[PDB]
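Containing mmCIF, C-alpha atoms: data_35.cif.
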```cif
data_upload
loop_
_atom_site.label_atom_id
_atom_site.label_comp_id
_atom_site.auth_asym_id
_atom_site.auth_seq_id
_atom_site.Cartn_x
_atom_site.Cartn_y
_atom_site.Cartn_z
CA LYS O 13 26.89 -44.53 -34.76
CA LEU O 14 24.85 -46.08 -31.96
CA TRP O 15 21.94 -46.69 -34.35
CA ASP O 16 20.63 -45.67 -37.77
CA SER O 17 18.57 -42.46 -37.64
CA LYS O 18 17.05 -42.58 -41.14
CA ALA O 19 13.35 -41.77 -40.91
CA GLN O 20 11.20 -44.81 -41.65
CA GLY O 21 7.89 -42.96 -41.42
CA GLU O 22 6.15 -39.67 -40.76
CA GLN O 23 7.39 -37.53 -37.90
CA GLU O 24 5.04 -37.32 -34.93
CA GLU O 25 4.65 -34.45 -32.46
CA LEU O 26 3.98 -35.60 -28.90
CA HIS O 27 2.38 -33.58 -26.12
CA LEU O 28 0.33 -34.22 -22.99
CA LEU O 29 -2.90 -32.87 -24.50
CA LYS O 30 -2.31 -33.95 -28.12
CA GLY O 31 -4.95 -36.68 -28.17
CA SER O 32 -7.53 -34.43 -26.48
CA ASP O 33 -7.26 -31.65 -29.11
CA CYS O 34 -5.34 -29.56 -26.52
CA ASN O 35 -8.40 -29.82 -24.23
CA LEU O 36 -8.21 -30.57 -20.50
CA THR O 37 -11.53 -31.52 -18.87
CA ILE O 38 -12.21 -31.02 -15.15
CA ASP O 39 -15.23 -32.62 -13.44
CA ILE O 40 -15.93 -31.43 -9.88
CA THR O 41 -18.67 -33.01 -7.80
CA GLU O 42 -21.14 -30.80 -5.96
CA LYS O 43 -20.66 -32.88 -2.80
CA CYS O 44 -16.96 -32.10 -2.40
CA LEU O 45 -17.61 -28.42 -3.11
CA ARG O 46 -20.36 -28.53 -0.48
CA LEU O 47 -17.96 -30.08 2.04
CA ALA O 48 -15.31 -27.49 1.14
CA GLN O 49 -17.74 -24.61 1.62
CA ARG O 50 -19.15 -26.16 4.80
CA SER O 51 -15.69 -26.48 6.36
CA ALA O 52 -14.73 -22.98 5.20
CA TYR O 53 -17.88 -21.32 6.55
CA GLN O 54 -17.57 -22.82 10.04
CA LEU O 55 -13.99 -21.57 10.40
CA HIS O 56 -14.81 -18.06 9.18
CA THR O 57 -17.64 -17.73 11.74
CA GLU O 58 -17.25 -19.96 14.83
CA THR O 59 -13.45 -19.56 14.66
CA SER O 60 -11.36 -16.42 14.96
CA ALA O 61 -7.87 -17.16 13.60
CA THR O 62 -9.35 -17.76 10.15
CA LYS O 63 -7.27 -16.20 7.42
CA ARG O 64 -9.50 -14.30 5.01
CA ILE O 65 -8.51 -16.84 2.33
CA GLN O 66 -8.68 -20.42 3.57
CA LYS O 67 -6.21 -22.95 2.15
CA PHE O 68 -7.50 -26.48 1.53
CA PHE O 69 -7.00 -29.34 -0.92
CA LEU O 70 -9.25 -31.06 -3.41
CA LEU O 71 -8.29 -34.61 -4.37
CA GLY O 72 -8.90 -36.03 -7.83
CA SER O 73 -7.95 -38.83 -10.19
CA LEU O 74 -6.48 -38.62 -13.69
CA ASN O 75 -8.35 -40.60 -16.36
CA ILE O 76 -7.73 -41.06 -20.09
CA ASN O 77 -10.69 -42.34 -21.97
CA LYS O 78 -11.31 -41.46 -25.66
CA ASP O 79 -8.40 -41.00 -28.10
CA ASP O 80 -6.06 -40.12 -25.22
CA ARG O 81 -8.43 -37.46 -23.84
CA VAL O 82 -7.36 -36.45 -20.33
CA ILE O 83 -10.01 -35.83 -17.66
CA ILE O 84 -9.43 -34.95 -14.00
CA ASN O 85 -12.23 -36.28 -11.77
CA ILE O 86 -12.31 -34.20 -8.56
CA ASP O 87 -14.53 -35.72 -5.88
CA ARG O 88 -12.80 -35.39 -2.48
CA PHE O 89 -12.29 -32.46 -0.11
CA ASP O 90 -9.36 -32.50 2.30
CA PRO O 91 -8.62 -29.75 4.85
CA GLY O 92 -5.02 -30.94 5.06
CA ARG O 93 -2.45 -31.16 7.84
CA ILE O 94 0.00 -28.62 9.24
CA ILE O 95 3.50 -29.91 9.98
CA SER O 103 5.67 -25.40 9.06
CA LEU O 104 4.02 -26.71 5.89
CA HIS O 105 0.50 -27.41 4.62
CA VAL O 106 0.01 -30.89 3.13
CA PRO O 107 -2.88 -33.29 2.45
CA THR O 108 -4.10 -35.63 5.18
CA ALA O 109 -3.14 -38.95 3.56
CA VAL O 110 -1.67 -38.92 0.06
CA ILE O 111 -3.03 -41.89 -1.92
CA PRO O 112 -1.04 -43.08 -4.96
CA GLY O 113 -2.96 -41.86 -7.99
CA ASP O 114 -4.19 -38.68 -6.27
CA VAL O 115 -4.19 -35.41 -8.17
CA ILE O 116 -3.43 -32.75 -5.55
CA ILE O 117 -5.35 -29.54 -6.22
CA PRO O 118 -4.64 -26.61 -3.87
CA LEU O 119 -7.97 -24.97 -3.02
CA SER O 120 -8.19 -21.32 -1.99
CA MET O 121 -11.56 -20.03 -0.88
CA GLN O 122 -12.89 -16.81 0.61
CA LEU O 123 -16.28 -15.46 1.61
CA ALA O 124 -17.46 -12.88 -0.92
CA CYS O 125 -17.88 -9.36 0.46
CA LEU O 126 -17.85 -5.69 -0.59
CA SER O 132 -10.19 -14.23 -7.26
CA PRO O 133 -8.35 -14.18 -10.63
CA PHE O 134 -5.22 -16.01 -11.75
CA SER O 135 -2.21 -13.87 -12.68
CA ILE O 136 0.87 -14.85 -14.67
CA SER O 137 3.00 -14.59 -11.51
CA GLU O 138 0.86 -17.31 -9.92
CA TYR O 139 1.15 -19.49 -13.03
CA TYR O 140 4.91 -18.88 -13.15
CA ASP O 141 5.50 -19.97 -9.55
CA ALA O 142 3.39 -23.09 -10.09
CA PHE O 143 5.39 -24.05 -13.18
CA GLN O 144 8.70 -23.54 -11.37
CA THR O 145 7.48 -25.96 -8.71
CA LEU O 146 6.36 -28.36 -11.45
CA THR O 147 9.72 -28.36 -13.25
CA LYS O 148 11.66 -28.59 -9.98
CA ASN O 149 9.85 -31.86 -9.24
CA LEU O 150 10.62 -33.14 -12.75
CA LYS O 151 14.31 -32.33 -12.26
CA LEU O 152 14.62 -33.88 -8.80
CA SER O 153 12.06 -36.70 -8.56
CA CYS O 154 13.33 -40.25 -8.05
CA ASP O 155 9.93 -41.94 -8.55
CA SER O 156 8.30 -43.76 -11.45
CA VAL O 157 7.00 -41.71 -14.36
CA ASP O 158 3.64 -40.18 -13.41
CA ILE O 159 1.37 -38.27 -15.79
CA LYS O 160 0.17 -36.28 -12.77
CA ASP O 161 3.65 -34.72 -12.57
CA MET O 162 3.06 -33.11 -16.00
CA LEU O 163 0.37 -30.66 -14.86
CA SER O 164 -0.25 -28.34 -11.91
CA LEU O 165 -3.90 -27.55 -11.23
CA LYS O 166 -5.31 -25.02 -8.75
CA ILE O 167 -8.80 -23.81 -7.85
CA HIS O 168 -10.02 -20.48 -6.45
CA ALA O 169 -13.52 -20.53 -4.96
CA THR O 170 -15.45 -17.45 -3.86
CA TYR O 171 -18.59 -18.34 -1.91
CA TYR O 172 -21.53 -16.57 -0.30
CA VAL O 173 -24.27 -17.74 2.07
CA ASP O 174 -27.65 -16.06 2.42
CA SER O 175 -31.02 -17.27 3.72
CA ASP O 176 -31.88 -19.02 0.44
CA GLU O 177 -28.81 -20.67 -1.05
CA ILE O 178 -25.07 -21.18 -1.12
CA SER O 179 -23.44 -19.62 -4.19
CA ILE O 180 -19.88 -20.42 -5.30
CA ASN O 181 -17.75 -19.02 -8.12
CA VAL O 182 -15.25 -21.75 -9.01
CA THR O 183 -12.18 -20.73 -11.03
CA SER O 184 -9.67 -23.39 -12.10
CA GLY O 185 -6.19 -22.76 -13.47
CA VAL O 186 -3.60 -25.14 -14.88
CA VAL O 187 -0.02 -25.01 -16.13
CA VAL O 188 1.48 -27.65 -18.44
CA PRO O 189 4.96 -27.75 -20.02
CA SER O 190 4.64 -26.74 -23.65
CA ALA O 191 7.62 -28.72 -24.99
CA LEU O 192 6.81 -30.74 -28.11
CA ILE O 193 8.67 -34.03 -28.52
CA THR O 194 9.55 -34.77 -32.14
CA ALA O 195 9.40 -38.54 -32.75
CA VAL O 196 10.75 -40.31 -35.84
CA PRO O 197 10.21 -44.03 -36.57
CA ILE O 198 13.53 -45.81 -37.09
CA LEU O 199 14.78 -49.29 -37.94
CA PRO O 200 14.90 -51.84 -35.09
CA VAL O 201 17.99 -51.91 -32.88
CA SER O 202 19.49 -54.98 -31.22
CA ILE O 203 18.60 -55.43 -27.55
CA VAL O 204 20.68 -57.58 -25.19
CA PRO O 205 18.30 -60.45 -24.23
CA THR O 206 18.33 -59.88 -20.47
CA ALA O 207 15.45 -61.08 -18.31
CA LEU O 208 13.71 -57.69 -18.50
CA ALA O 209 14.03 -57.56 -22.30
CA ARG O 210 12.68 -61.11 -22.56
CA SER O 211 9.65 -60.41 -20.36
CA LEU O 212 8.77 -57.24 -22.31
CA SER O 213 8.87 -59.01 -25.68
CA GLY O 214 7.14 -62.04 -24.17
CA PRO O 215 3.47 -62.95 -24.53
CA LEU O 216 2.36 -61.18 -21.34
CA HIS O 217 2.92 -57.69 -22.77
CA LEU O 218 -0.20 -58.28 -24.90
CA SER O 219 -3.13 -57.08 -22.79
CA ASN O 220 -5.99 -54.58 -23.02
CA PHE O 221 -6.10 -52.87 -19.61
CA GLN O 222 -6.08 -49.12 -19.00
CA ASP O 223 -3.42 -47.38 -16.90
CA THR O 224 -1.06 -50.37 -16.93
CA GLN O 225 1.87 -48.28 -18.13
CA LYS O 226 5.41 -48.86 -16.97
CA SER O 227 8.68 -47.43 -18.22
CA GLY O 228 12.41 -47.58 -17.71
CA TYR O 229 15.67 -46.45 -19.27
CA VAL O 230 17.97 -47.69 -22.02
CA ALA O 231 21.70 -48.15 -21.52
CA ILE O 232 24.32 -49.18 -24.09
CA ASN O 233 27.41 -51.41 -23.95
CA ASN O 234 30.72 -51.54 -25.81
CA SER O 235 29.17 -53.49 -28.72
CA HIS O 236 26.64 -50.63 -29.17
CA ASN O 237 23.81 -52.89 -28.01
CA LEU O 238 20.89 -51.65 -25.93
CA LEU O 239 20.42 -52.69 -22.30
CA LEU O 240 17.03 -52.18 -20.67
CA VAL O 241 17.02 -50.87 -17.10
CA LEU O 242 14.30 -50.70 -14.45
CA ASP O 243 13.25 -47.23 -13.33
CA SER O 244 14.28 -48.15 -9.76
CA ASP O 245 17.84 -49.32 -10.50
CA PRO O 246 20.21 -47.17 -8.38
CA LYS O 247 22.83 -47.42 -11.16
CA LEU O 248 20.65 -45.03 -13.20
CA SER O 249 22.45 -42.05 -11.64
CA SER O 250 25.66 -42.63 -13.63
CA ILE O 251 25.16 -45.51 -16.09
CA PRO O 252 25.43 -44.19 -19.69
CA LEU O 253 21.85 -43.72 -20.89
CA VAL O 254 20.64 -43.25 -24.47
CA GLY O 255 16.86 -43.19 -24.05
CA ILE O 256 13.85 -44.91 -22.53
CA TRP O 257 11.50 -47.84 -22.95
CA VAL O 258 7.73 -47.70 -22.44
CA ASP O 259 5.25 -50.56 -22.02
CA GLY O 260 1.48 -50.84 -21.79
CA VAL O 261 0.19 -48.24 -24.28
CA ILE O 262 -1.67 -48.65 -27.55
CA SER O 263 0.37 -46.14 -29.57
CA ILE O 264 3.02 -43.43 -29.25
CA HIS O 265 0.25 -40.83 -28.89
CA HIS O 266 -0.57 -41.95 -25.34
CA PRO O 267 0.29 -39.01 -23.03
CA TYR O 268 2.28 -41.40 -20.81
CA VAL O 269 4.88 -41.70 -23.59
CA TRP O 270 5.39 -37.93 -23.73
CA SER O 271 5.52 -37.93 -19.92
CA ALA O 272 8.36 -40.46 -19.96
CA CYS O 273 10.23 -38.41 -22.58
CA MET O 274 9.83 -35.23 -20.50
CA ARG O 275 10.94 -37.02 -17.36
CA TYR O 276 14.06 -38.30 -19.13
CA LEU O 277 14.90 -34.87 -20.54
CA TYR O 278 14.33 -32.99 -17.28
CA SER O 279 15.82 -35.39 -14.73
CA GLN O 280 19.01 -34.22 -13.06
CA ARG O 281 19.18 -37.51 -11.14
CA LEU O 282 20.44 -39.08 -14.40
CA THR O 283 23.90 -37.55 -14.80
CA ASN O 284 25.17 -39.63 -17.76
CA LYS O 285 22.57 -39.08 -20.51
CA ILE O 286 24.96 -39.36 -23.46
CA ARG O 287 21.97 -39.11 -25.80
CA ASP O 288 19.40 -36.43 -24.98
CA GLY O 289 16.96 -34.04 -26.61
CA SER O 290 19.60 -32.29 -28.72
CA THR O 291 21.24 -35.42 -30.15
CA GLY O 292 18.01 -37.40 -30.35
CA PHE O 293 17.35 -40.29 -27.98
CA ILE O 294 15.84 -43.71 -28.49
CA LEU O 295 12.41 -44.92 -27.43
CA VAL O 296 11.74 -48.67 -27.35
CA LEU O 297 7.94 -48.79 -27.38
CA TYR O 298 6.22 -52.05 -26.37
CA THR O 299 2.67 -51.47 -27.54
CA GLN O 300 -0.19 -53.68 -26.38
CA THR O 301 -1.42 -54.26 -29.96
CA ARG O 302 1.77 -55.54 -31.64
CA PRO O 303 4.02 -58.54 -30.90
CA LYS O 304 7.31 -56.68 -31.43
CA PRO O 305 8.36 -53.27 -30.07
CA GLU O 306 8.51 -50.09 -32.12
CA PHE O 307 11.68 -48.01 -32.28
CA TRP O 308 11.62 -44.20 -32.37
CA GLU O 309 14.23 -41.45 -32.25
CA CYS O 310 12.88 -38.63 -30.08
CA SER O 311 14.24 -35.08 -29.95
CA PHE O 312 13.46 -31.72 -28.41
CA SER O 313 15.04 -28.40 -29.29
CA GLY O 314 12.65 -25.58 -28.29
CA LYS O 315 12.33 -23.54 -25.11
CA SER O 316 12.79 -25.58 -21.94
CA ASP O 317 10.95 -23.33 -19.44
CA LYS O 318 7.96 -22.36 -21.62
CA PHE O 319 4.53 -23.41 -20.39
CA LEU O 320 0.91 -23.47 -21.48
CA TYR O 321 -1.67 -22.04 -19.11
CA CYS O 322 -5.25 -20.79 -18.92
CA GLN O 323 -8.25 -20.63 -16.61
CA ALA O 324 -11.95 -21.45 -16.67
CA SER O 325 -14.73 -20.48 -14.30
CA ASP O 326 -18.42 -21.10 -13.68
CA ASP O 327 -20.98 -20.42 -10.97
CA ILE O 328 -22.83 -23.06 -8.98
CA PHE O 329 -25.91 -22.40 -6.83
CA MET O 330 -26.65 -24.84 -4.02
CA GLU O 331 -29.67 -25.34 -1.80
CA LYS O 332 -29.01 -25.15 1.93
CA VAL O 333 -30.29 -28.72 2.27
CA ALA O 334 -28.12 -31.21 0.39
CA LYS O 335 -29.72 -33.58 -2.11
CA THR O 336 -28.31 -37.11 -2.39
CA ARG O 337 -27.53 -36.79 -6.09
CA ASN O 338 -24.33 -37.05 -8.09
CA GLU O 339 -24.45 -33.54 -9.52
CA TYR O 340 -21.13 -32.24 -10.80
CA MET O 341 -19.57 -29.32 -12.61
CA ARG O 342 -17.53 -29.62 -15.82
CA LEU O 343 -14.84 -27.10 -16.80
CA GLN O 344 -13.04 -27.11 -20.16
CA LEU O 345 -9.45 -25.84 -20.31
CA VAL O 346 -7.68 -25.37 -23.66
CA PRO O 347 -4.54 -23.51 -22.55
CA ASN O 348 -1.95 -21.88 -24.79
CA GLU O 349 1.34 -20.00 -24.60
CA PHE O 350 -0.57 -16.71 -24.26
CA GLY O 351 -2.92 -17.75 -21.44
CA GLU O 352 -6.09 -17.88 -23.54
CA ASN O 353 -8.65 -20.64 -23.10
CA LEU O 354 -9.33 -21.66 -26.71
CA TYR O 355 -12.65 -23.39 -25.95
CA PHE O 356 -15.83 -22.33 -27.76
CA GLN O 357 -19.20 -23.73 -26.67
#
```

Show me the file's structure as structure tokens.
Amino acid sequence: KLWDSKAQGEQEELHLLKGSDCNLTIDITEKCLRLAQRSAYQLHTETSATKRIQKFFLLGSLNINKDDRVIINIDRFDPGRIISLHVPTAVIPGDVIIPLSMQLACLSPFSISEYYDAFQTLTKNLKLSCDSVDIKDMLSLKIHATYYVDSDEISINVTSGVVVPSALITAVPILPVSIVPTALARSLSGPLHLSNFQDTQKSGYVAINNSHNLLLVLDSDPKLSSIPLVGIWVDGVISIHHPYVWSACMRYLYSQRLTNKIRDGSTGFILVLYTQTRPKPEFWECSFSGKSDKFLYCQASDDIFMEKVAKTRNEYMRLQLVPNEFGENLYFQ
């Protein structure tokens, strides 16, 4: 009886890769691959404690550009630090962390056990994170590189694998619900929420009082651990199809830092959506009922051939990943 759940429009199915036709695009610059191979080759030769498979990091950025199409732009190599754990040199906010394994070819593939362990790590972060909603937390990307050096060229086989939670969020438009006019609620409905900038998303959580009115809460409020929560609010997107909205829903469903979620995926929870294109927020009832630990995954690979002498160009390599429940890349060129 907290709100009316009668559907006021078509159901929508939300997922990270919905807008991109289930396609994940990876762009990798030749320069960072050249630095990765250069660093790897020195260790394997002029150094003796080199493990046969070197462990490095590539650093990328997550961009969303045409109808919510997600692209990872990988352009930085990072050997990483040892602390006993292997971590990047300096983690920048907005960095996609891609573990890079490479080995000199002599005399490679992703297995489901490797995908499974990556997804366990992914969901453990979703359950335990205390940070703001981040789309980068919704995918785990890895690269295997096999390289060879001869007198003529450097050759590299680059294989990339990803795991993404498969959960679909069912979203139903509902009638508007009264919001207590706190300062946060007033600033979200105010004139400043009308902009046109990319990656200006923010989100929080929705509490409820004795009068069954909604209270908006910042994502950093320490009371979130036990305040009774009924859903989320999202600001700075054009529509509900933005993958950030699904990311906030997933984060709310998975988080074990929120111990008093009296409305969740089984009962349906509320989304107060402040879009950038409308003066008033949209109200949705979101639900999830499928398998919680199911994931999509697949791999893609391509060869690159590099001259010994580097050319000051911006050459890059594009990989297309359309993962599914069965591990098949459903991309056809």

Atomic separation - CA of residue 279 (chain O) relative to CA of residue 200 (chain O), Å: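 Going from CA of residue 200 (chain O) over to CA of residue 279 (chain O) covers 26.2 Å.
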
Atomic distance CA of residue 239 (chain O) - CA of residue 285 (chain O), expressed in Å with one decimal: 13.9 Å

Resolved residues for the PyMOL selection byres ((chain O and resi 68) around 9) as a ChimeraX atom specification: /O:48,52,66-67,69-70,89-92,105-107,117-121

Counting only C-alpha atoms, the option among O:309, O:326, O:177, O:161 closest to residue 23 (chain O):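 Looking only at the distances to residue 23 (chain O), the closest residue turns out to be O:309.
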
Pairwise distance for CA of residue 103 (chain O) and CA of residue 62 (chain O), rounded to one decimal in Å: 16.9 Å

Residues matched by the PyMOL selection byres ((chain O and resi 264-268) around 9), written as a ChimeraX atom specification: /O:24-31,76,79-82,157-159,195,225-226,258,261-263,269-273,297,299

Output check: residues returned by the PyMOL selection byres ((chain O and resi 155) around 8), as a PyMOL selection string: chain O and resi 153-154+156-157+243-244

Dump of C-alpha atoms for the selected residues, as a compact mmCIF listing (two decimals), keeping the file's coordinate frame:
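part-v7.txt written:
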```txt
# COMPACT_ATOMS: atom_id res chain seq x y z
CA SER O 153 12.06 -36.70 -8.56
CA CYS O 154 13.33 -40.25 -8.05
CA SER O 156 8.30 -43.76 -11.45
CA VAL O 157 7.00 -41.71 -14.36
CA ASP O 243 13.25 -47.23 -13.33
CA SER O 244 14.28 -48.15 -9.76
```

Best match for closeness to residue 231 (chain O) among O:248, O:36, O:328, O:19, counting only C-alpha atoms: O:248

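Nearest residue to residue 148 (chain O) among O:229, O:221, O:134, O:278 is O:278, counting all atoms listed in the file.
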
Cut-off 12 Å around (3.9, -61.0, -31.2) with only C-alpha atoms: residues as a list in words: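 Selection result: residues 212, 213, 214, 215, 216, 217, 218, 219, 298, 299, 300, 301, 302, 303, 304, 305 and 306 of chain O.
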
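Residue nearest residue 140 (chain O) within the list O:93, O:342, O:335, O:318: O:318 [criterion: smallest interatomic distance, only C-alpha atoms].
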
Which of O:327, O:174, O:288, O:317 sits closest to residue 349 (chain O) [using only C-alpha atoms]: O:317

Nearest to residue 348 (chain O) by atom-to-atom distance, counting only C-alpha atoms, from O:22, O:245, O:16, O:33: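 Among the listed residues, the smallest separation from residue 348 (chain O) belongs to O:33.
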
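Within 10 Å of the point (24.9, -46.5, -21.5), and counting only C-alpha atoms, the protein, DNA and RNA residues are residues 229, 230, 231, 232, 233, 234, 236, 237, 238, 239, 240, 248, 250, 251, 252, 253, 254, 255, 284, 285, 286 and 287 of chain O.
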
Polymer residues at most 9 Å from residue 88 (chain O), all atoms listed in the file, same-chain spacing of 3 or more positions, as number ranges by chain: O: 40-41, 43-45, 47, 69-72

Go ahead and dump the residues you just picked, C-alpha atoms, as a CSV table (one decimal), keeping the file's coordinate frame.
```
chain,number,residue,atom,x,y,z
O,40,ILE,CA,-15.9,-31.4,-9.9
O,41,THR,CA,-18.7,-33.0,-7.8
O,43,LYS,CA,-20.7,-32.9,-2.8
O,44,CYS,CA,-17.0,-32.1,-2.4
O,45,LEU,CA,-17.6,-28.4,-3.1
O,47,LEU,CA,-18.0,-30.1,2.0
O,69,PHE,CA,-7.0,-29.3,-0.9
O,70,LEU,CA,-9.2,-31.1,-3.4
O,71,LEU,CA,-8.3,-34.6,-4.4
O,72,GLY,CA,-8.9,-36.0,-7.8
```
